Amino acid sequence: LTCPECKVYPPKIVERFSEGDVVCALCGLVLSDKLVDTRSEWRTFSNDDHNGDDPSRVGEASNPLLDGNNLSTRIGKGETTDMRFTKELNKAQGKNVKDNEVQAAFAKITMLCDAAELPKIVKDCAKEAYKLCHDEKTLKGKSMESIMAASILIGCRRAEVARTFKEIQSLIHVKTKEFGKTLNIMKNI
Amino acid sequence: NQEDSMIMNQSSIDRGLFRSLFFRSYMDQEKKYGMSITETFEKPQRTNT
Amino acid sequence: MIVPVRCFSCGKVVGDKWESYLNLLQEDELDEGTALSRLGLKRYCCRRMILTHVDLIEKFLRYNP
Amino acid sequence: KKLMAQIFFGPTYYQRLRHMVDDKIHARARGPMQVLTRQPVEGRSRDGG
Amino acid sequence: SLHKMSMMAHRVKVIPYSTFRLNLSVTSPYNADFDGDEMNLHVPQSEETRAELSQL
Amino acid sequence: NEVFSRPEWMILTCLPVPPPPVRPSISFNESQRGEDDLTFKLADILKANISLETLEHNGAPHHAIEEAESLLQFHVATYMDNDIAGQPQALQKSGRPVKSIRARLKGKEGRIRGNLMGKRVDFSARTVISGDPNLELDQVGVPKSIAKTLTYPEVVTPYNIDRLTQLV
Amino acid sequence: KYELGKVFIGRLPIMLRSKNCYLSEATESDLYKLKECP
Amino acid sequence: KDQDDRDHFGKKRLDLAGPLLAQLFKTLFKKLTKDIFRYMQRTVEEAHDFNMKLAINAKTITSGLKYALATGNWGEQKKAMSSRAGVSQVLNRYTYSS
DNA sequence: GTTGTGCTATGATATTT
RNA sequence: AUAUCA
DNA sequence: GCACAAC
Ligand SMILES: [Mg+2]
Ligand SMILES: [Mg+2]
Ligand SMILES: [Zn+2]
Ligand SMILES: [Zn+2]
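Residue positions are given from 1 per chain in written sequence order; they need not agree with the entry numbering, and residues without coordinates are hidden. Lettering for chains starts from A, numbering for ligands starts from 1, and both go in the order in which the items are written. Bear in mind the chains here are only a fraction of a larger assembly, and the values reflect that fraction. Excluding hydrogens and water, the side-chain figures rest on all heavy atoms present in the structure. Residues with missing side-chain atoms are left out of burial classes, side-chain pairs and their counts.

- As stated in the entry header, the method of structure determination is X-ray crystallography and the reported resolution is 3.600 Å.

- Here is the UniProt Subcellular location comment for chain A, exactly as written: "Nucleus".
- UniProt positions are given in the numbering used here, feature names are shortened, and annotations may be inferred rather than shown by experiment. UniProt's Sequence similarities comment on chain A is quoted here verbatim: "Belongs to the TFIIB family."

Thoughts on the overall build of chain A
Then comes step 1: A count of helices and strands for chain A gives seven helices and five strands.
Then comes step 2: Each helix is a run of H or I in the DSSP string that is no shorter than four residues. Each strand is a run of E no shorter than two, and both are numbered from the N terminus. Order of helices (α) and strands (β) in chain A, N terminus to C terminus: β-β-β-α-β-β-α-α-α-α-α-α.
Then comes step 3: C-alpha atoms define the radius of gyration in this analysis, and the globule rule sets the expected value at 2.2 Å times the number of residues to the power 0.38. Relative to a compact globule of 189 residues, whose C-alpha radius of gyration would be 16 Å, chain A shows 25 Å and is clearly more extended.
Then comes step 4: In terms of principal-axis extent, the alpha carbons of chain A reach across some 70 × 55 × 30 Å.

Examining the side chain of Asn-57 of chain H
Then comes step 1: For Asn-57 of chain H, the location among the structural elements is in the loop between α2 (52-55) and α3 (59-71).
Then comes step 2: Residue class for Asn-57 of chain H comes out buried when judged on its relative accessible area of 16%.
Then comes step 3: Setting aside residues no more than four positions away along its own chain, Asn-57 of chain H makes contact with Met-111 and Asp-114 of chain A, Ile-9 of chain G together with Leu-32 of chain H. Here's how the labels work: a residue is buried when its accessible area is under 20% of the maximum for its type, exposed when over 50%, partly exposed in between, all with a 1.4 Å probe on protein chains only. Contacts are assigned to residue pairs that have any heavy atoms within 4.5 Å of one another.

Things to note about the arrangement of the chains
Then comes step 1: For this structure, the chain pair with the highest number of contacts among 16 pairs of chains in contact is chains A and F.
Then comes step 2: Over all C-alpha pairs, chain C and chain E never come within contact, reaching a minimum spacing of 23 Å.
Then comes step 3: Separating chain F from chain G is a minimum C-alpha gap of 23 Å, and the two share no contact.

Observations concerning the protein's contact with DNA strand I
Then comes step 1: Around DNA strand I sit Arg-43, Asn-47 and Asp-48 of chain A, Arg-24 of chain B, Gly-43, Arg-44 and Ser-45 of chain D, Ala-85, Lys-108, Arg-113 and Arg-126 of chain F together with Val-90 of chain H, and those are all the residues in its vicinity.
Then comes step 2: Any pair of nitrogen or oxygen atoms within 3.5 Å is treated as a polar contact; in protein, a donor-acceptor pairing is required on top of that, and neighbouring residues in sequence qualify only through side-chain atoms on both sides. Measuring from a base oxygen of DNA strand I, one finds a backbone N or O atom of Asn-47 of chain A at 3.1 Å.
Then comes step 3: Within the side chain of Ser-45 of chain D, a nitrogen or oxygen atom sits 3.1 Å from a phosphate oxygen of DNA strand I.
Then comes step 4: Put simply, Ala, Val, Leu, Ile, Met, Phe, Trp, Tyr, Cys and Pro go in the nonpolar bin, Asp, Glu, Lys and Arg in the charged bin, and everything else, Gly too, in the polar bin. The class makeup of the residues in the surface near DNA strand I is two nonpolar, three polar and seven charged. The rule for a residue being near a molecule or strand is that one of its heavy atoms must lie within 4 Å of it.

So, the environment of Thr-110 of chain A
Residue and element names in this part refer to chain A.
Then comes step 1: Assignment of secondary structure puts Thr-110 in helix α3 (residues 106-113).
Then comes step 2: Relative accessible area serves as the criterion here: at 26%, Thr-110 is assigned to the partly exposed category.
Then comes step 3: Separated by 42 residues in the primary sequence, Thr-110 and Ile-152 have C-alpha atoms spaced 10 Å apart.
Then comes step 4: For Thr-110, the side chain forms a polar contact with the side chain of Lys-127, separated by 3.2 Å.

Things to note about the interface of chain A and chain F
Then comes step 1: In this complex, chain A contributes 37 residues to the contact, which on the side of chain F involves 43 residues.
Then comes step 2: Contributing elements (two or more residues each) for the side of chain A that touches chain F: β4 (59-62), β5 (74-75) and α2 (83-91) of chain A.
Then comes step 3: Class assignment for the residues of the side of chain A that touches chain F results in twelve nonpolar, 16 polar and nine charged.

Thoughts on helix α3 (residues 44-51) of chain C
Owing to its 3.6 residues per turn, the α-helix brings residues three or four apart onto one side.
Residues and elements named next belong to chain C.
Then comes step 1: Taken as a whole, α3 has its buried residues at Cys-45, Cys-46, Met-49 and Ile-50. Seen from one end, α3 has its buried residues packed into an arc of 125°, which puts them on one side.
Then comes step 2: Those residues of α3 that are buried lie in contact with α1 (18-26) and α2 (32-39). The directions considered for the arc run from the helix axis to the C-beta atoms.

Quick notes on the pairing of strand β5 (residues 124-131) of chain F
Then comes step 1: The buried fraction of β5 of chain F amounts to seven of the eight residues, a majority that puts the element mostly inside the structure.
Then comes step 2: Whether two strands pair depends on DSSP finding at least two bridges between them. As paired strands, strand β1 (residues 26-28) of chain D and β5 of chain F are joined by three bridges and run antiparallel to one another. Within the sheet, the bridge partner assigned to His-26 of chain D lies in β5 of chain F and is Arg-126 of chain F.
Then comes step 3: Strand direction decides the pairing type here: strand β2 (residues 20-22) of chain E and β5 of chain F, joined by three bridges, are parallel. For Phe-20 of chain E, the partnering residue across the bridge sits in β5 of chain F and is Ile-129 of chain F.

Let's talk about the side chain of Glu-41 of chain A
Then comes step 1: Tracing the chain through its elements places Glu-41 of chain A in helix α1 (residues 38-42).
Then comes step 2: For the buried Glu-41 of chain A, which has no salt bridge, the nearest side chain bearing the opposite charge is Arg-46 of chain D, at an N-O separation of 8.5 Å.
Then comes step 3: Contacts of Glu-41 of chain A, omitting those with residues within four sequence positions, involve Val-36 of chain A together with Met-33, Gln-34, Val-35 and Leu-36 of chain D. Neither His nor the chain ends contribute to the count of charged residues, in which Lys and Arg are positive and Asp and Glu negative. In what follows, salt bridge is the name for a side-chain nitrogen of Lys or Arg lying within 4 Å of a carboxyl oxygen of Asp or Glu.

Looking at the coordination of the zinc ion (ligand 3)
Angles between donor atoms at a metal ideally measure 109.5 degrees for a four-coordinate tetrahedral arrangement and either 90 or 180 degrees for a six-coordinate octahedral one.
Residue and element names in this part refer to chain A.
Then comes step 1: Here a donor is an N, O or S atom found within 2.8 Å of the metal, or within 3.2 Å if the metal is Na, K or Ca; sites may look incomplete because water is not among the atoms. Protein coordination of the zinc ion (ligand 3) is provided by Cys-3 (SG), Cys-6 (SG), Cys-24 (SG) and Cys-27 (SG), with donor distances spanning 2.3 Å.
Then comes step 2: Any site counts as irregular unless it has four donors with all angles between 85 and 135 degrees, making it tetrahedral, or four or six donors with opposite ones more than 155 degrees apart and the rest between 65 and 115, making it square planar or octahedral. Of note is the zinc ion (ligand 3), whose four donor atoms meet at the metal with angles of 93 to 124° in an arrangement that counts as tetrahedral.
Then comes step 3: Donor residues binding the zinc ion (ligand 3) come from one chain and are separated in sequence as C-x2-C-x17-C-x2-C. Of the two residues, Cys-6 sits in the segment before β1 (13-16) while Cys-27 sits in the loop between β2 (21-24) and β3 (30-32), which places them 21 residues apart along the sequence.
Then comes step 4: Judged by relative accessible area, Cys-6 falls into the partly exposed class, the value being 30%.
Then comes step 5: Judged by its relative accessible area of 37%, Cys-27 is partly exposed.

Pasting the structure below:
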């Protein structure tokens, strides 16, 4: 936005949220009137409503960085439900199910962090380190259980969670010199 | 002081009557959004913010 | 939370009478009505002021830093 | 001048409750709106209608 | 607002302190006591809409 | 009715897809993004569709197709209505059931009872009332703070032109 | 059938003043140093 | 005899902090028990040396209790819809009597 | 005869993930 | 979602 | 948990 009347290069404008207006601080011209509360709007996606009574709660938050954009609900039991139709509609989801399956290597990272007592911020860095280096030609053919063992120390080394390489050698697995070279070809990327 | 309301000695108020302390506490996190994105504690400059 | 200076209702200076009060109850072992009278708290607005005060400041002092 | 009637008078223990007026008073001539319905937002603290 | 006397057109007097002030005889139809009751004000925006208030 | 409502249209063959206004998205911080439950439910309909289309095209195994059809049937159906008697609800990861279209219109706080038949409004105010025996019947005491916030857009004519210029 | 330690399992939240809480065997002066109200 | 009083306070019980945690811990420990079994199958198939740290998931019981106590939906998070909410509120600190 | 299906006071305010 | 307000 | 509506 830039005031149509004034036009000074550093466009000094204020967001008078309380009056729901966007004003030019110099001439006072209102540049916009429709203005939305982003906090409360975000409350509609990530709420505390797990029961299902909130009429405001109408969407859900996702993580486009880690799981791409895979929107998908799950057939489950409701109040008035026969245990028959749940099974059929779930047995029908089985026929509809390669790299769209290597996302189960996130389940390998998640089950490793929880076995290593690691926080929720470390898993999401280990999952982003693994997604951006598992199909690299720079890693080529490294021990596939030692490149995800190296991306956990990459996620810990940014989230400030102290984990020695010998601490991850105890988890899995690690071949020392094998997951030490792999911890460097990724570090360049 | 009609209909449940009431009159109060404004002089008594001055001398300490029914005053109270009030403490509200505001919190904030410096969140980490994945491998690169990190929030920061700082005084924002209006040109680049 | 510390003896109030001055009675609410009427405004007699009452904050200087605390230590002198507790002396009458502890050292002299007078009962409260007598102690309050000895102090010069005549009307009940000023009597309730001292008679009812709770010295929490003494509790708050017990926390070190 | 004396009041023609005599008045019941004396100490009574009185509590200062929550709900002070400056925590409730609330006015708004236009302001933030919901993004879905484009009607005002809800809440004194959201500066809604 | 249970009946039409729960919404009535009044005449603004700007006063100090943070309360809406109303005459007591008008308590009966709003069914208001002053034990912490709150009330609602709406300002008409048209010259036409204020006539509807004032006349009706 | 021959023009507006024929029986054959009670059966869905083409699906009108509502635009973002009906199902808003929000882009938080590059690793946080919020999509509307409808956008989720649609994607399932689509996925279930794309699946069944591939099955019919290929060697149709009869019973593996009707199996995929009654999945599509469910997603489309559950999108307009998730509170269906007998059927399992479509749930959204967190365990909460998907807000179907029906459910947005339905209750008090629905689109009808709560956004049309009654709605919150601007140029309004609320506060504590107290009594005053020195007011007139038809008056109302308005706190100066409120009066300074609330507004009336008087129009400039040559009657009020002087007075308004002073106000401005 | 012939035949051929102590493991951590989780963190359980403690209720204050219970046997397992530090504040259970605490004297008055103790609590004050601990910045708790007796 | 007369019909039993459905309101007689003697024929009622109060489930306090003890039994509430016991109810939750049961469903949370059977959740862990049957996740170790799923592991014993995975590790007897490939003879991958039944590593203890990989077997027992601590986060199961830890965050499983933390959820209930926090939110207040006395159950898993699955399951956060069909579970009774209201148990576990934030403690009042208005006045000592409150 | 049994099942099954709608709804069940107005507004307001304050936290908790 | 709980608590609460008239 | 209603109370009335259709199978
Ligand atoms: Mg009342
Ligand atoms: Mg009354
Ligand atoms: Zn300008
Ligand atoms: Zn006095």
